Structures are given as C-alpha cells and as structure tokens.
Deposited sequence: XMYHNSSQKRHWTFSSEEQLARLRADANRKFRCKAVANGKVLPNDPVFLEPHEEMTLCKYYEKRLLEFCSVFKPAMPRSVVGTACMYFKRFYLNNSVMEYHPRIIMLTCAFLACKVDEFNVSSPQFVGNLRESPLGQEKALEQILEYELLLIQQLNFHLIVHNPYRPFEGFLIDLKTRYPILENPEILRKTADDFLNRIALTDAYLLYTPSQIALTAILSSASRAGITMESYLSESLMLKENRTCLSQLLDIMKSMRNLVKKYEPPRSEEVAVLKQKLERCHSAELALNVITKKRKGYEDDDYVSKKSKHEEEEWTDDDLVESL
C-alpha cells in the first residue's frame, strides 16, 4: 500500500527545488569526473531535462505499439523508473535510449507481464536487436542499483477507479460519473508528462484529474470533498487539499513540450558526448 511504501518514504520530494538541486548535482558530478579523467560539449541541466522529456515521449510511443499489448501499469512503472533514474544520473553518462529500453524491460519483469527476451527485442536489423538485448542485460542491474532497489511503483489508475466507484455510490448529485472519465484520462496523461509523479501521492493526482475534468464540464463537487470525504470537520486539511490540487494544475499549465529542432541539436550534442 502507498501509505507505508518506499515510494512515499524516499521518492516523494518536498518541492521542485529539491529536484533541480539533485539534477544539477548529477550534472556537476559528471562534469567533475570527466574533467578529472582528462568544455563547450557538456550539457547544462536544462538541456538534460529537455532530452529526458523527449526520451520519455519516445518510451511512451514505444510502449503504445508493444506486442502483446502492454497494460497501463507497466507503462506507468517504466516512466517512473525513467524519471527516478535520471533524477540522480546524467544523460551524458548513460544514453537515455538504452536506459528507457531497460526501464521497460524491468517494468515488464516487475509487473508480472511475462514476455521472453526474444519477444521483447522483436518489438524494436536483427543484429541491432541482439546488440540492444546485450546492452539491456548489461544495464539492468545498474538501473536496479540506481533505484536503491525500490521497485514497486504506485500509479494513479487504481485510485482513479476507486474514486469513480465512490462517486457512483455516494455522490448522487453527479448524474453519470462515467462521462467524467475520458476527459479526466486526458488530464492524467498531461500529469504524466510533468514532474508531479515525484511530488504528489497517486490519490492526489487521481482526484486532481477527476475534479479538473468535472470543472471543465461545468460541475462543481466542492460538497464531495467537504461532505463525502468528511473534510468539513477539518477545514485545514481541505485547505491543503485545494492548494495541492491547484499546484498540480499550475504544474500542468506551465509545462512546455520539447521543440523538434532544439531536440535535434541537443541529440547531436549528446551523441558527440557519448562518442
């Protein structure tokens, strides 16, 4: 369960400033190591963040076309592994393509989505396929180590379903909660692009998506929080809940997708770095 999980204990950070500090530390550490081995080729932390965003989108598009069809939990786990791994490491030390392939491999193994190695590499020239399998096998344990052996990832999909059941049962003011589903799902996807997975609990994310979809439709469910969730007894908790949801919404608002030409330039820079 989430309330006593390793994700809550070690992988939920107070603010975006902590995340920026960790990523800057990883970048500076790699720069120091490279200069100790023996200047305009190193990537600034924001460029690394842009490259990580692009490769997360690439991993999403890889998982969407996977055969047999990947469940949503496996994709969420892989994306969380990607974010966690590059929180403490630098792209110029490990290529994000191999890293995201390894993240998907590890997620499939962890989430009990049984596929053999040949099936996994078939979703990618055969020679490149065996090379990719070799690199994935090489990087699996490094990825596990950089995750501190915290492998179970809690996703917002089951909390979303639970919220829908609760709304259908105890909220007759809303006629048919099912119409809230599709739009909310879209919002969830937007949440997955931002940094909110490392800052909020899955239940908070699911509730934010649901209430944002409801507000887009012109329905207000302030009573659902105040009455159904019994929050009128503790007004302070309701206040923090609204502030958390507003912070998530602002985080989605401020998100800027990677630009194609900038991504190409930075891809050339990173390829030179790994060369």
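Of the deposited sequence, positions 1, 40 to 44, 131 to 132, 284 to 324 lack any modelled C-alpha atom.
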